[PDB]
$ cat upload-v4.txt   # compact mmCIF, C-alpha atoms and all ligand atoms
# COMPACT_ATOMS: atom_id res chain seq x y z
CA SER A 1 0.00 0.00 0.00
CA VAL A 2 0.96 3.67 -0.07
CA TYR A 3 1.18 3.58 3.72
CA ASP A 4 3.66 0.68 3.46
CA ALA A 5 5.83 2.65 1.04
CA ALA A 6 5.65 5.68 3.33
CA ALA A 7 6.24 3.83 6.60
CA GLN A 8 9.40 2.40 5.01
CA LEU A 9 11.21 5.75 4.65
CA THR A 10 14.01 5.42 7.20
CA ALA A 11 15.60 8.05 9.42
CA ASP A 12 18.68 8.15 7.18
CA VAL A 13 16.57 8.56 4.04
CA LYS A 14 14.54 11.34 5.67
CA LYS A 15 17.78 13.03 6.72
CA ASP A 16 19.10 12.98 3.16
CA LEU A 17 15.79 14.26 1.78
CA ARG A 18 15.65 17.15 4.25
CA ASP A 19 19.33 18.08 3.81
CA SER A 20 19.12 18.21 0.03
CA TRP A 21 15.75 20.00 0.10
CA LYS A 22 17.22 22.77 2.25
CA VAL A 23 19.23 23.63 -0.84
CA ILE A 24 17.15 22.80 -3.90
CA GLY A 25 13.98 23.96 -2.17
CA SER A 26 15.55 27.36 -1.45
CA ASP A 27 15.08 28.58 -5.03
CA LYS A 28 11.71 27.18 -6.03
CA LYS A 29 11.33 29.30 -9.16
CA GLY A 30 14.79 28.55 -10.50
CA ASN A 31 14.93 24.86 -9.66
CA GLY A 32 11.28 24.24 -10.44
CA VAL A 33 11.69 25.53 -13.98
CA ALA A 34 14.95 23.59 -14.27
CA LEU A 35 13.13 20.36 -13.39
CA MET A 36 10.44 20.97 -15.99
CA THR A 37 12.77 22.08 -18.79
CA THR A 38 14.99 19.08 -18.14
CA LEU A 39 11.97 16.76 -18.29
CA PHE A 40 11.07 18.21 -21.70
CA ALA A 41 14.64 18.06 -22.97
CA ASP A 42 15.27 14.41 -22.06
CA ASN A 43 11.73 13.09 -22.45
CA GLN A 44 10.30 14.97 -25.40
CA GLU A 45 7.40 12.52 -25.53
CA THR A 46 5.88 14.18 -22.45
CA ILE A 47 5.55 17.63 -24.01
CA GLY A 48 2.09 16.83 -25.37
CA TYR A 49 0.69 16.36 -21.85
CA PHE A 50 1.44 19.97 -20.92
CA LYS A 51 -0.36 21.70 -23.77
CA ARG A 52 -2.21 23.94 -21.29
CA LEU A 53 1.12 25.60 -20.54
CA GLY A 54 1.64 26.75 -24.14
CA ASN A 55 5.12 26.87 -25.67
CA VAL A 56 7.25 25.30 -22.95
CA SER A 57 10.41 26.05 -24.91
CA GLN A 58 10.01 29.63 -23.66
CA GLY A 59 11.27 28.55 -20.24
CA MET A 60 11.20 31.17 -17.49
CA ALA A 61 9.55 33.69 -19.81
CA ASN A 62 6.44 31.48 -20.08
CA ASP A 63 4.25 32.65 -17.19
CA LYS A 64 2.08 29.53 -17.25
CA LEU A 65 5.14 27.29 -17.08
CA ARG A 66 6.63 29.42 -14.32
CA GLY A 67 3.42 29.29 -12.28
CA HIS A 68 3.23 25.53 -12.72
CA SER A 69 6.91 25.05 -11.82
CA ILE A 70 6.75 27.07 -8.62
CA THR A 71 3.60 25.25 -7.55
CA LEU A 72 5.20 21.87 -8.27
CA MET A 73 7.96 22.77 -5.80
CA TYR A 74 5.35 23.43 -3.10
CA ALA A 75 3.98 19.93 -3.62
CA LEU A 76 7.48 18.70 -2.83
CA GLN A 77 7.64 21.10 0.14
CA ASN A 78 4.38 19.54 1.32
CA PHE A 79 5.81 16.00 1.09
CA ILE A 80 9.00 16.94 2.93
CA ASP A 81 7.06 18.56 5.76
CA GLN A 82 4.91 15.44 6.26
CA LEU A 83 7.82 12.97 6.46
CA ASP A 84 7.42 12.23 10.16
CA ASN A 85 3.73 11.44 10.04
CA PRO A 86 2.99 8.68 7.48
CA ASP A 87 -0.73 9.24 7.92
CA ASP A 88 -0.43 12.85 6.77
CA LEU A 89 2.08 12.01 4.04
CA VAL A 90 -0.27 9.39 2.64
CA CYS A 91 -3.29 11.68 2.42
CA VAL A 92 -1.39 14.43 0.59
CA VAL A 93 0.28 11.89 -1.70
CA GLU A 94 -3.11 10.49 -2.66
CA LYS A 95 -4.41 14.00 -3.29
CA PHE A 96 -1.68 14.66 -5.84
CA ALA A 97 -1.99 11.15 -7.26
CA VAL A 98 -5.55 12.02 -8.26
CA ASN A 99 -4.30 15.13 -10.07
CA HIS A 100 -2.24 12.77 -12.22
CA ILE A 101 -4.64 9.83 -12.47
CA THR A 102 -7.19 12.15 -14.10
CA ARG A 103 -4.56 13.08 -16.70
CA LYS A 104 -3.84 9.42 -17.44
CA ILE A 105 -0.32 9.47 -16.00
CA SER A 106 0.83 5.95 -15.13
CA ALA A 107 3.20 5.04 -12.31
CA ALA A 108 5.93 4.36 -14.85
CA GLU A 109 5.47 7.75 -16.52
CA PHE A 110 5.43 9.55 -13.19
CA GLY A 111 8.82 7.99 -12.50
CA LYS A 112 10.27 9.89 -15.47
CA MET A 113 10.77 12.83 -13.11
CA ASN A 114 13.56 10.87 -11.39
CA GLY A 115 15.98 11.74 -14.17
CA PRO A 116 15.47 15.52 -13.88
CA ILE A 117 15.62 15.31 -10.06
CA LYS A 118 18.96 13.48 -10.25
CA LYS A 119 20.36 16.15 -12.58
CA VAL A 120 19.13 19.09 -10.52
CA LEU A 121 20.54 17.46 -7.39
CA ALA A 122 23.88 16.93 -9.13
CA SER A 123 24.01 20.59 -10.16
CA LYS A 124 24.21 21.35 -6.44
CA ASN A 125 26.65 18.49 -5.84
CA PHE A 126 24.23 16.04 -4.23
CA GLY A 127 25.28 12.60 -5.47
CA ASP A 128 23.70 9.21 -6.09
CA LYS A 129 22.89 8.64 -2.41
CA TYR A 130 20.58 11.66 -2.55
CA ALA A 131 19.12 10.72 -5.93
CA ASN A 132 18.27 7.30 -4.49
CA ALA A 133 16.58 8.93 -1.49
CA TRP A 134 14.41 11.03 -3.77
CA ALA A 135 13.54 8.00 -5.89
CA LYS A 136 12.19 6.40 -2.72
CA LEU A 137 9.94 9.40 -2.10
CA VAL A 138 8.72 9.40 -5.71
CA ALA A 139 7.99 5.68 -5.27
CA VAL A 140 5.50 6.55 -2.53
CA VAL A 141 3.46 8.43 -5.11
CA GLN A 142 3.93 5.59 -7.58
CA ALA A 143 2.31 3.24 -5.06
CA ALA A 144 -0.81 5.38 -5.47
CA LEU A 145 -0.81 5.28 -9.28
CA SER B 1 -7.37 43.36 -13.58
CA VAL B 2 -5.25 40.92 -11.58
CA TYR B 3 -2.32 43.32 -11.99
CA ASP B 4 -4.22 46.28 -10.56
CA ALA B 5 -5.35 44.04 -7.70
CA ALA B 6 -1.78 42.95 -7.01
CA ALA B 7 -0.83 46.64 -6.84
CA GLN B 8 -3.16 47.01 -3.86
CA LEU B 9 -0.78 44.93 -1.74
CA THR B 10 1.09 47.84 -0.17
CA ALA B 11 3.95 47.63 2.33
CA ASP B 12 1.59 47.68 5.32
CA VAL B 13 -0.72 45.02 3.86
CA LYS B 14 2.26 42.79 3.10
CA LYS B 15 3.58 43.10 6.67
CA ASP B 16 0.18 42.25 8.14
CA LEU B 17 -0.08 39.22 5.88
CA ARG B 18 3.38 37.95 6.88
CA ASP B 19 2.87 38.66 10.57
CA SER B 20 -0.43 36.80 10.76
CA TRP B 21 0.79 33.99 8.50
CA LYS B 22 3.63 33.25 10.91
CA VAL B 23 0.91 32.16 13.34
CA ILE B 24 -1.82 30.50 11.27
CA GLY B 25 0.69 28.93 8.89
CA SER B 26 2.37 27.10 11.79
CA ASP B 27 -0.42 24.50 12.00
CA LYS B 28 -1.41 23.81 8.42
CA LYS B 29 -3.36 20.65 9.19
CA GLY B 30 -5.27 22.11 12.12
CA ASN B 31 -6.04 25.52 10.64
CA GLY B 32 -6.58 24.21 7.13
CA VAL B 33 -9.28 21.82 8.28
CA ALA B 34 -10.71 24.61 10.45
CA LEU B 35 -11.05 26.84 7.38
CA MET B 36 -12.87 24.17 5.38
CA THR B 37 -15.27 23.08 8.11
CA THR B 38 -16.13 26.70 8.81
CA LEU B 39 -16.83 27.25 5.11
CA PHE B 40 -19.18 24.25 5.05
CA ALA B 41 -20.90 25.31 8.27
CA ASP B 42 -21.44 28.96 7.33
CA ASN B 43 -22.05 28.32 3.64
CA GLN B 44 -23.85 25.00 3.29
CA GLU B 45 -24.62 25.76 -0.36
CA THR B 46 -20.97 25.22 -1.30
CA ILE B 47 -20.76 21.63 -0.06
CA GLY B 48 -21.98 20.26 -3.39
CA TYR B 49 -18.81 21.42 -5.15
CA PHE B 50 -16.73 19.17 -2.87
CA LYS B 51 -18.36 15.88 -3.88
CA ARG B 52 -14.98 14.17 -4.33
CA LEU B 53 -14.05 14.61 -0.66
CA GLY B 54 -16.97 12.49 0.51
CA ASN B 55 -18.58 13.17 3.88
CA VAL B 56 -17.04 16.51 4.85
CA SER B 57 -18.94 16.59 8.14
CA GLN B 58 -16.40 14.07 9.45
CA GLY B 59 -13.81 16.85 9.53
CA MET B 60 -10.30 15.78 10.52
CA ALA B 61 -11.30 12.10 10.37
CA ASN B 62 -11.88 12.40 6.61
CA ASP B 63 -8.56 11.58 4.90
CA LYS B 64 -9.49 13.25 1.62
CA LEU B 65 -10.59 16.41 3.40
CA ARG B 66 -7.39 16.48 5.43
CA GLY B 67 -5.21 16.02 2.34
CA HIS B 68 -7.11 18.78 0.57
CA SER B 69 -6.94 21.10 3.60
CA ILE B 70 -3.20 20.74 4.11
CA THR B 71 -2.62 21.38 0.41
CA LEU B 72 -4.79 24.49 0.51
CA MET B 73 -2.48 25.88 3.18
CA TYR B 74 0.50 25.38 0.89
CA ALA B 75 -1.27 27.44 -1.75
CA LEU B 76 -1.48 30.28 0.78
CA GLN B 77 2.19 29.69 1.71
CA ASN B 78 2.97 30.01 -2.01
CA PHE B 79 1.19 33.38 -2.23
CA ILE B 80 2.96 34.76 0.83
CA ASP B 81 6.34 33.70 -0.55
CA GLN B 82 5.63 35.56 -3.82
CA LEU B 83 4.71 38.90 -2.23
CA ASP B 84 8.16 40.34 -3.07
CA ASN B 85 7.62 39.90 -6.81
CA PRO B 86 4.22 40.79 -8.35
CA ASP B 87 4.91 39.05 -11.68
CA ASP B 88 5.50 35.79 -9.81
CA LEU B 89 2.52 36.29 -7.52
CA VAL B 90 0.32 36.83 -10.56
CA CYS B 91 1.46 33.69 -12.37
CA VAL B 92 0.83 31.44 -9.36
CA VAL B 93 -2.53 33.12 -8.71
CA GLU B 94 -3.59 32.44 -12.29
CA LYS B 95 -2.53 28.81 -11.91
CA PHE B 96 -4.89 28.33 -8.96
CA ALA B 97 -7.57 30.43 -10.64
CA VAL B 98 -7.67 27.86 -13.45
CA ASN B 99 -8.14 25.10 -10.85
CA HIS B 100 -11.32 26.85 -9.78
CA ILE B 101 -12.56 28.09 -13.16
CA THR B 102 -12.72 24.45 -14.30
CA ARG B 103 -14.83 23.73 -11.20
CA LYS B 104 -17.21 26.52 -12.17
CA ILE B 105 -16.33 28.66 -9.16
CA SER B 106 -17.04 32.37 -9.65
CA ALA B 107 -15.32 35.36 -8.06
CA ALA B 108 -18.29 35.88 -5.74
CA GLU B 109 -18.30 32.30 -4.50
CA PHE B 110 -14.53 32.22 -4.14
CA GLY B 111 -14.94 35.23 -1.86
CA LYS B 112 -17.02 33.23 0.57
CA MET B 113 -13.72 32.03 2.08
CA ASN B 114 -13.24 35.50 3.58
CA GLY B 115 -15.70 34.66 6.35
CA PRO B 116 -13.76 31.52 7.40
CA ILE B 117 -10.46 33.35 7.23
CA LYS B 118 -11.76 36.14 9.45
CA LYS B 119 -13.04 33.63 12.00
CA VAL B 120 -9.87 31.55 12.07
CA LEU B 121 -7.79 34.72 12.45
CA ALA B 122 -10.02 35.98 15.25
CA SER B 123 -9.61 32.71 17.13
CA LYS B 124 -5.87 33.41 17.26
CA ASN B 125 -6.46 37.01 18.37
CA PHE B 126 -5.98 38.66 14.98
CA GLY B 127 -8.75 41.18 14.32
CA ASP B 128 -10.43 43.02 11.47
CA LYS B 129 -7.17 44.72 10.48
CA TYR B 130 -5.72 41.32 9.56
CA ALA B 131 -8.93 39.97 8.05
CA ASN B 132 -9.01 42.96 5.72
CA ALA B 133 -5.40 42.41 4.66
CA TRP B 134 -6.26 38.83 3.75
CA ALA B 135 -9.35 39.97 1.86
CA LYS B 136 -7.06 42.01 -0.40
CA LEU B 137 -4.95 38.94 -1.17
CA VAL B 138 -8.07 36.90 -1.92
CA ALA B 139 -9.17 39.80 -4.16
CA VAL B 140 -6.19 39.13 -6.39
CA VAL B 141 -7.43 35.60 -7.08
CA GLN B 142 -10.95 36.93 -7.57
CA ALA B 143 -9.72 39.26 -10.30
CA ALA B 144 -8.53 36.20 -12.21
CA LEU B 145 -11.81 34.27 -12.03
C1 LIG A 201 8.12 14.91 -8.65
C2 LIG A 201 7.02 14.54 -9.46
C3 LIG A 201 5.87 15.32 -9.74
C4 LIG A 201 5.16 16.18 -8.92
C5 LIG A 201 5.46 16.44 -7.45
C6 LIG A 201 4.09 16.73 -9.70
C7 LIG A 201 3.21 17.72 -9.23
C8 LIG A 201 2.23 18.32 -10.01
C9 LIG A 201 1.34 19.34 -9.56
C10 LIG A 201 1.34 19.98 -8.19
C11 LIG A 201 0.51 19.63 -10.58
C12 LIG A 201 -0.70 20.56 -10.55
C13 LIG A 201 -1.99 19.78 -10.34
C14 LIG A 201 -3.22 20.57 -10.71
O1 LIG A 201 -3.33 21.74 -10.28
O2 LIG A 201 -4.10 20.02 -11.43
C15 LIG A 201 0.92 18.84 -11.70
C16 LIG A 201 0.24 18.80 -12.92
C17 LIG A 201 0.52 17.90 -13.96
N1 LIG A 201 1.50 16.92 -13.94
FE1 LIG A 201 2.82 16.58 -12.47
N2 LIG A 201 4.10 16.20 -10.99
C18 LIG A 201 5.19 15.33 -11.03
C19 LIG A 201 5.56 14.53 -12.12
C20 LIG A 201 4.87 14.46 -13.34
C21 LIG A 201 5.30 13.73 -14.52
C22 LIG A 201 6.64 13.01 -14.67
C23 LIG A 201 4.33 13.89 -15.47
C24 LIG A 201 4.25 13.33 -16.77
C25 LIG A 201 5.01 12.27 -17.36
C26 LIG A 201 3.33 14.78 -14.90
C27 LIG A 201 2.24 15.27 -15.61
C28 LIG A 201 1.41 16.30 -15.17
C29 LIG A 201 0.41 16.94 -15.98
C30 LIG A 201 0.06 16.60 -17.41
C31 LIG A 201 -0.14 17.92 -15.23
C32 LIG A 201 -1.19 18.92 -15.67
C33 LIG A 201 -0.57 20.22 -16.14
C34 LIG A 201 -1.61 21.26 -16.48
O3 LIG A 201 -2.32 21.08 -17.50
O4 LIG A 201 -1.73 22.24 -15.71
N3 LIG A 201 3.69 15.15 -13.61
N4 LIG A 201 1.96 18.00 -11.33
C1 LIG A 202 -8.36 31.18 0.13
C2 LIG A 202 -9.17 30.57 -0.88
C3 LIG A 202 -8.94 29.38 -1.60
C4 LIG A 202 -7.76 28.76 -1.94
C5 LIG A 202 -6.35 29.31 -1.73
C6 LIG A 202 -8.07 27.54 -2.62
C7 LIG A 202 -7.14 26.56 -3.00
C8 LIG A 202 -7.46 25.31 -3.54
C9 LIG A 202 -6.51 24.31 -3.94
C10 LIG A 202 -5.00 24.38 -3.74
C11 LIG A 202 -7.21 23.28 -4.49
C12 LIG A 202 -6.66 22.04 -5.20
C13 LIG A 202 -6.59 22.25 -6.70
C14 LIG A 202 -6.55 20.95 -7.48
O1 LIG A 202 -5.74 20.06 -7.10
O2 LIG A 202 -7.31 20.82 -8.46
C15 LIG A 202 -8.60 23.62 -4.41
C16 LIG A 202 -9.63 22.82 -4.90
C17 LIG A 202 -10.98 23.18 -4.94
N1 LIG A 202 -11.48 24.40 -4.52
FE1 LIG A 202 -10.49 25.90 -3.60
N2 LIG A 202 -9.46 27.41 -2.76
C18 LIG A 202 -10.00 28.52 -2.12
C19 LIG A 202 -11.38 28.80 -1.99
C20 LIG A 202 -12.41 28.04 -2.54
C21 LIG A 202 -13.83 28.31 -2.40
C22 LIG A 202 -14.42 29.39 -1.50
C23 LIG A 202 -14.51 27.35 -3.12
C24 LIG A 202 -15.89 27.15 -3.28
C25 LIG A 202 -16.94 28.08 -2.97
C26 LIG A 202 -13.48 26.48 -3.70
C27 LIG A 202 -13.76 25.35 -4.48
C28 LIG A 202 -12.84 24.35 -4.81
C29 LIG A 202 -13.20 23.06 -5.37
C30 LIG A 202 -14.59 22.56 -5.75
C31 LIG A 202 -12.05 22.34 -5.44
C32 LIG A 202 -11.92 20.90 -5.92
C33 LIG A 202 -11.88 19.92 -4.77
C34 LIG A 202 -11.61 18.50 -5.24
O3 LIG A 202 -12.50 17.90 -5.87
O4 LIG A 202 -10.50 18.01 -4.98
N3 LIG A 202 -12.21 26.89 -3.30
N4 LIG A 202 -8.75 24.88 -3.84
$ encode --input "upload-v4.txt" --output "structure tokens" --more "lines below"
Ligand code: HEM
Ligand code: HEM
Amino acid sequence: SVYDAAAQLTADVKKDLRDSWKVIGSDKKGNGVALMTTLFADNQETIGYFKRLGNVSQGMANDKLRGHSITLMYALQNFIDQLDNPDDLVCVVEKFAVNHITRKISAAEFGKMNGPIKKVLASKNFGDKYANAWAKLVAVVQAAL
Amino acid sequence: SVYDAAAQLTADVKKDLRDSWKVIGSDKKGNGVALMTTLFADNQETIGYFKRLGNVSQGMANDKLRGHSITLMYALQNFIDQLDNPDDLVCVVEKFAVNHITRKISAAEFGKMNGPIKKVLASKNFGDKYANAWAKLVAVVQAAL
């Protein structure tokens, strides 16, 4: 279950998530747009899903993309803040899962964000250990898809 | 105009928003659920829109309501964090406006959350001065609906 996936997150994993978030979560606009542009650059097949945002190649200049990117970072902020209470983490994870289920995003497709997260983390010198920690958090959402 | 509305957030209004947010934003789960249950109690006619959440009268015991409520508080956190830059505040406001436009929520009905905000603020000893500052922030979203 989602609860199982959440209850699994260990103290060391939570520590790595919080430590790396202190940095990448400190510039939500910059890193949020970086995540999205990287997704589109490495997984061009996903561009079609974001047609509401207009021309995503405009990057920061695209107000719809910018608004979406900043908001995406607050979803991550939400997750990070609920780490110590699996019950609360689960209910917010399911809320966002619905936002994606209605758009026909499968668990496998949702996992495509792992690549961009790994690259953004690396840009701030957070290595594989941190990328693996984030993949575990993403997997909690995947358990709901 | 959402831009003219954003211009109404003067230095004093911004300070009052930040000062009161430091308190109500400290318990997102508690105060978020309080806002929603107050909305449903004072404005029964809005309950129909929240069909997906199930039995909202269960309050905190309702997992979907709790997930929704916590997330709503992160939308407010988002707005407060964008007060320094109007172009960024506007793009996040328009993102959430779309979330409501698709739900057929008008500016007038969106404004019904002012009552709940005033009550929740008052319960923490923040009076009309603060309620009015928050009404101006809500007015920015209303301009986009
Ligand atoms: C770290 C992972 C991710 C998080 C935290 C996340 C978060 C969000 C949030 C908060 C929204 C706004 C929901 C709404 O207001 O309706 C959103 C929308 C969306 N997401 Fe994600 N997302 C993630 C990964 C993905 C991936 C990898 C895909 C696709 C392969 C995807 C596809 C979409 C689509 C199509 C939308 C709707 C955009 C729109 O039309 O406004 N998401 N996401
Ligand atoms: C301070 C004011 C408000 C804020 C910041 C706010 C924020 C939010 C957020 C963040 C969501 C989730 C968006 C999504 O994932 O699609 C949401 C959903 C929703 N909001 Fe609001 N909202 C506010 C006031 C209102 C009011 C007063 C109404 C109705 C009279 C309303 C009706 C809705 C509905 C129907 C949903 C969809 C719930 C669902 O099915 O999940 N909102 N709101």
$ residues_around --input "upload-v4.txt" --residues "residue 38 in chain B" --least-positions-apart "3" --cutoff "9 Å" --atoms "only C-alpha atoms" --output "PyMOL selection string"
chain B and resi 33-35+41-43+113+115-117+119-120
$ atom_distance --input "upload-v4.txt" --atom1 "CA of residue 1 in chain A" --atom2 "CA of residue 144 in chain A"
7.7 Å
$ calpha_fit_and_write --input "upload-v4.txt" --fixed "chain A" --moving "chain B" --output "compact mmCIF listing (two decimals) with C-alpha atoms, in the coordinates of the input"
# COMPACT_ATOMS: atom_id res chain seq x y z
CA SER B 1 0.68 -0.27 -1.27
CA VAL B 2 1.23 3.42 -0.56
CA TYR B 3 1.52 2.54 3.14
CA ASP B 4 4.26 -0.02 2.57
CA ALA B 5 6.04 2.51 0.37
CA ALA B 6 5.79 5.18 3.06
CA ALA B 7 7.37 2.68 5.48
CA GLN B 8 10.48 2.67 3.30
CA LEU B 9 11.26 6.23 4.38
CA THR B 10 13.67 5.34 7.18
CA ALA B 11 15.50 7.77 9.46
CA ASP B 12 18.49 8.01 7.12
CA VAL B 13 16.34 8.56 4.02
CA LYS B 14 14.38 11.28 5.82
CA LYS B 15 17.58 13.09 6.85
CA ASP B 16 18.95 12.98 3.30
CA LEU B 17 15.68 14.34 1.96
CA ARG B 18 15.65 17.23 4.46
CA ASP B 19 19.34 18.01 4.00
CA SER B 20 19.12 18.21 0.22
CA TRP B 21 15.77 20.02 0.30
CA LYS B 22 17.31 22.82 2.35
CA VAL B 23 19.36 23.59 -0.76
CA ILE B 24 17.12 22.91 -3.76
CA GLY B 25 14.03 24.21 -1.97
CA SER B 26 15.69 27.61 -1.48
CA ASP B 27 15.12 28.62 -5.11
CA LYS B 28 11.72 27.25 -6.01
CA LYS B 29 11.33 29.30 -9.18
CA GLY B 30 14.80 28.56 -10.51
CA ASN B 31 14.97 24.88 -9.63
CA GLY B 32 11.32 24.22 -10.39
CA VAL B 33 11.68 25.49 -13.94
CA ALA B 34 14.96 23.57 -14.21
CA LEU B 35 13.16 20.34 -13.32
CA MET B 36 10.45 20.88 -15.94
CA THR B 37 12.74 21.90 -18.78
CA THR B 38 14.97 18.93 -18.07
CA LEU B 39 11.95 16.63 -18.17
CA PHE B 40 10.92 18.03 -21.56
CA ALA B 41 14.46 17.83 -22.92
CA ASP B 42 15.19 14.27 -21.77
CA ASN B 43 11.67 12.97 -22.30
CA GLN B 44 10.18 14.73 -25.31
CA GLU B 45 7.29 12.25 -25.38
CA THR B 46 5.80 13.82 -22.25
CA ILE B 47 5.40 17.31 -23.69
CA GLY B 48 1.97 16.49 -25.10
CA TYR B 49 0.50 16.14 -21.61
CA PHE B 50 1.38 19.79 -20.88
CA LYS B 51 -0.71 21.32 -23.67
CA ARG B 52 -2.22 23.92 -21.32
CA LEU B 53 1.17 25.51 -20.59
CA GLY B 54 1.68 26.48 -24.22
CA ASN B 55 5.19 26.69 -25.65
CA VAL B 56 7.27 25.06 -22.92
CA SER B 57 10.49 25.60 -24.86
CA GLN B 58 10.34 29.24 -23.75
CA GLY B 59 11.26 28.12 -20.24
CA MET B 60 11.31 30.87 -17.61
CA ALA B 61 9.76 33.35 -20.07
CA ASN B 62 6.56 31.27 -20.16
CA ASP B 63 4.29 32.59 -17.38
CA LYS B 64 2.13 29.47 -17.24
CA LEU B 65 5.18 27.23 -17.03
CA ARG B 66 6.67 29.37 -14.28
CA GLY B 67 3.44 29.34 -12.26
CA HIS B 68 3.21 25.58 -12.66
CA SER B 69 6.88 25.07 -11.76
CA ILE B 70 6.76 27.14 -8.58
CA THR B 71 3.62 25.30 -7.49
CA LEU B 72 5.26 21.94 -8.13
CA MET B 73 7.98 22.92 -5.67
CA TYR B 74 5.36 23.59 -3.01
CA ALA B 75 4.04 20.08 -3.51
CA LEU B 76 7.52 18.78 -2.70
CA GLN B 77 7.69 21.18 0.28
CA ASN B 78 4.38 19.68 1.42
CA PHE B 79 5.79 16.13 1.27
CA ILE B 80 8.92 17.06 3.21
CA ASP B 81 6.84 18.74 5.91
CA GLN B 82 4.75 15.56 6.33
CA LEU B 83 7.67 13.17 6.80
CA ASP B 84 7.12 13.10 10.59
CA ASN B 85 3.62 11.64 10.22
CA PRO B 86 2.99 8.85 7.66
CA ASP B 87 -0.81 9.13 7.81
CA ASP B 88 -0.55 12.79 6.80
CA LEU B 89 2.07 12.11 4.14
CA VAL B 90 -0.19 9.47 2.63
CA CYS B 91 -3.26 11.70 2.47
CA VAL B 92 -1.41 14.52 0.70
CA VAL B 93 0.26 12.04 -1.67
CA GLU B 94 -3.13 10.63 -2.62
CA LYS B 95 -4.42 14.15 -3.24
CA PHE B 96 -1.68 14.80 -5.81
CA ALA B 97 -2.01 11.28 -7.20
CA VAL B 98 -5.61 12.11 -8.16
CA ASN B 99 -4.35 15.23 -9.97
CA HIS B 100 -2.29 12.95 -12.17
CA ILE B 101 -4.68 10.00 -12.49
CA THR B 102 -7.21 12.38 -14.09
CA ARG B 103 -4.46 13.39 -16.55
CA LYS B 104 -3.90 9.74 -17.43
CA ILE B 105 -0.40 9.66 -15.96
CA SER B 106 0.78 6.18 -14.98
CA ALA B 107 3.26 5.17 -12.29
CA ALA B 108 5.91 4.49 -14.93
CA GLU B 109 5.54 7.89 -16.56
CA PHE B 110 5.40 9.68 -13.23
CA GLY B 111 8.75 8.06 -12.50
CA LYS B 112 10.36 9.82 -15.42
CA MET B 113 10.84 12.81 -13.09
CA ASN B 114 13.58 10.85 -11.29
CA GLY B 115 16.01 11.67 -14.09
CA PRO B 116 15.43 15.45 -13.77
CA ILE B 117 15.66 15.29 -10.00
CA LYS B 118 18.97 13.45 -10.16
CA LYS B 119 20.37 16.01 -12.59
CA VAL B 120 19.21 19.03 -10.63
CA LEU B 121 20.63 17.52 -7.43
CA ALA B 122 23.93 16.76 -9.13
CA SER B 123 24.22 20.35 -10.31
CA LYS B 124 24.20 21.41 -6.65
CA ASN B 125 26.77 18.74 -5.74
CA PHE B 126 24.34 16.18 -4.33
CA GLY B 127 25.11 12.72 -5.70
CA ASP B 128 23.50 9.33 -6.20
CA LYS B 129 22.93 8.91 -2.45
CA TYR B 130 20.52 11.86 -2.52
CA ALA B 131 18.97 10.96 -5.87
CA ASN B 132 18.12 7.54 -4.48
CA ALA B 133 16.52 9.04 -1.37
CA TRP B 134 14.31 11.17 -3.60
CA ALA B 135 13.43 8.16 -5.75
CA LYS B 136 11.98 6.52 -2.63
CA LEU B 137 9.76 9.55 -1.98
CA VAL B 138 8.60 9.56 -5.60
CA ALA B 139 7.91 5.82 -5.17
CA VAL B 140 5.28 6.66 -2.59
CA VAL B 141 3.33 8.69 -5.16
CA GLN B 142 3.85 5.94 -7.72
CA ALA B 143 2.21 3.43 -5.40
CA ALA B 144 -0.92 5.57 -5.48
CA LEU B 145 -1.18 5.83 -9.27
$ residues_near_ligand --input "upload-v4.txt" --ligand "ligand LIG 202 (chain A)" --cutoff "6 Å" --atoms "only C-alpha atoms and all ligand atoms" --output "NGL selection string"
(:A and (99)) or (:B and (46 or 49-50 or 52 or 71-72 or 75-76 or 99-100 or 103 or 109-113))
$ atom_distance --input "upload-v4.txt" --atom1 "CA of residue 21 in chain B" --atom2 "CA of residue 70 in chain B"
14.5 Å
$ interface_residues --input "upload-v4.txt" --of "chain B" --to "chain A" --cutoff "8 Å" --atoms "all atoms listed in the file" --output "list in words"
residues 63, 64, 66, 67, 68, 70, 71, 74, 75, 78, 88, 91, 92, 93, 94 and 95 of chain B
$ axis_aligned_box --input "upload-v4.txt" --around "range 123-142 of chain A" --padding-each-side "3 Å" --output "AutoDock Vina command-line options"
--center_x 15.1 --center_y 13.5 --center_z -5.8 --size_x 29.2 --size_y 21.8 --size_z 14.7
$ residues_around --input "upload-v4.txt" --residues "residue 128 in chain B" --least-positions-apart "3" --cutoff "12 Å" --atoms "all atoms listed in the file" --output "PDB file with C-alpha atoms, keeping the file's coordinate frame"
ATOM      1  CA  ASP B  16       0.180  42.250   8.140  1.00  0.00           C
ATOM      2  CA  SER B  20      -0.430  36.800  10.760  1.00  0.00           C
ATOM      3  CA  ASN B 114     -13.240  35.500   3.580  1.00  0.00           C
ATOM      4  CA  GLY B 115     -15.700  34.660   6.350  1.00  0.00           C
ATOM      5  CA  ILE B 117     -10.460  33.350   7.230  1.00  0.00           C
ATOM      6  CA  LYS B 118     -11.760  36.140   9.450  1.00  0.00           C
ATOM      7  CA  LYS B 119     -13.040  33.630  12.000  1.00  0.00           C
ATOM      8  CA  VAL B 120      -9.870  31.550  12.070  1.00  0.00           C
ATOM      9  CA  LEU B 121      -7.790  34.720  12.450  1.00  0.00           C
ATOM     10  CA  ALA B 122     -10.020  35.980  15.250  1.00  0.00           C
ATOM     11  CA  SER B 123      -9.610  32.710  17.130  1.00  0.00           C
ATOM     12  CA  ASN B 125      -6.460  37.010  18.370  1.00  0.00           C
ATOM     13  CA  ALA B 131      -8.930  39.970   8.050  1.00  0.00           C
ATOM     14  CA  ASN B 132      -9.010  42.960   5.720  1.00  0.00           C
ATOM     15  CA  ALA B 133      -5.400  42.410   4.660  1.00  0.00           C
ATOM     16  CA  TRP B 134      -6.260  38.830   3.750  1.00  0.00           C
ATOM     17  CA  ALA B 135      -9.350  39.970   1.860  1.00  0.00           C
TER      18      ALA B 135
END
